[PDB]
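Structure first, then comments.
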Amino acid sequence: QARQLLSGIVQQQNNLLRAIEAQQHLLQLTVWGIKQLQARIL
Amino acid sequence: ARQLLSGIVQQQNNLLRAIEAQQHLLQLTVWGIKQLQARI
Amino acid sequence: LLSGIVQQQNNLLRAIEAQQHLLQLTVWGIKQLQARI
Amino acid sequence: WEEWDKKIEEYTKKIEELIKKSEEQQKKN
Amino acid sequence: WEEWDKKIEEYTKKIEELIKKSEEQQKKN
Amino acid sequence: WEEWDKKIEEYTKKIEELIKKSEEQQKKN
């Protein structure tokens with residue numbers, strides 16, 4: 001009973017962590033673009 | 001006991017919804033980059 | 001192991017908070033470029 | 001762009017709320 | 001820039017799926 | 001923009017240490 005909830009929470013935490021990692025990669029792309037546009041203006 | 005698993009599951013919700021709100025914020029910043037990049 | 005899940009919640013939370021500082025910075029940058037262009 | 005600024009402020013405010021509510025739930029568990 | 005557009009939608013897909021897996025898993029708990 | 005550059009790399013390093021710290025705790029858990 002509580003071993004199913006405890007197992008799904010650890011499963012959930014790895015899901016959230018992998019989402020954060022992907023979002024961090026997506027954000028580092030965002031930073032490249034901004035620097036690339038800044039360089040073009042300068 | 002299940003008092004604390006209940007508080008954790010709720011916390012998972014807020015974290016998940018934060019991930020989702022930040023994702024909309026990320027897509028919005030992509031949109032701005034694509035608009036500024038195309039104009040120049 | 002339950003004390004480990006609660007601290008994993010804290011790790012994720014602080015990571016989201018760091019992600020949000022970075023979002024703040026990229027939104028600022030896009031705004032400086034937008035008004036400039 | 002004006003809609004863009006609104007969606008920014010919208011999700012910004014919503015994120016900072018979720019962060020606030022998540023840190024209180026954390027200052028508990 | 002086109003590889004940029006490529007990696008953008010690549011990770012956007014990757015995230016949207018993880019958000020999907022997470023909501024369904026949240027619904028279980 | 002200097003300062004923007006500072007904060008970007010700074011918070012980038014921060015989140016990447018939290019990610020590694022979470023990869024550890026996740027395997028332990």
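What's counted below: heavy atoms across the whole structure, side chains too, no hydrogens, waters or symmetry copies. A note on names: the letters A, B, ... follow the listed sequences, proteins ahead of strands, and every chain is numbered from 1.
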| remark: Rounded to the nearest 0.5 Å, the NZ atom of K35(A) sits from the OG1 atom of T26(C) at a distance of 12.0 Å
| query | Side chain, backbone, both or neither: which part of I37(C) has a heavy atom under 4.5 Å from chain A? | reply | side chain
| remark: Rounded to the nearest 0.5 angstrom, the CG-CD distance for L22(C) and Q24(A) is 6.0 Å
| request: Under the side chain to side chain contact (heavy atoms under 4.5 Å, CB included) rule, what do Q8(C) and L17(A) come out as? Steps first, then yes or no, please. | output: CA-CA 9 Å; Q8(C) 180 72 345; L17(A) 170 52; 4.1 Å; yes
| Checking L23(C) against chain A: side chain, backbone, both or neither under 4.5 Å from a heavy atom? | both
| CZ/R36(C) to CD/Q38(A) distance, rounded to the nearest 0.5 angstrom? | 9.5 Å
| request: For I34(A) and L33(C), work out which heavy atoms get closest and say how close. | output: O-CD1, 3.8 Å
| message | Looking at every non-hydrogen atom in both residues, tell me the closest pair between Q13(A) and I5(C) and how far apart they are. | response | NE2-O, 2.8 Å
| message | If I take atom CG from residue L12(C) and atom CG from residue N15(A), how far apart are they, to the nearest 0.5 angstrom? | response | 10.5 Å
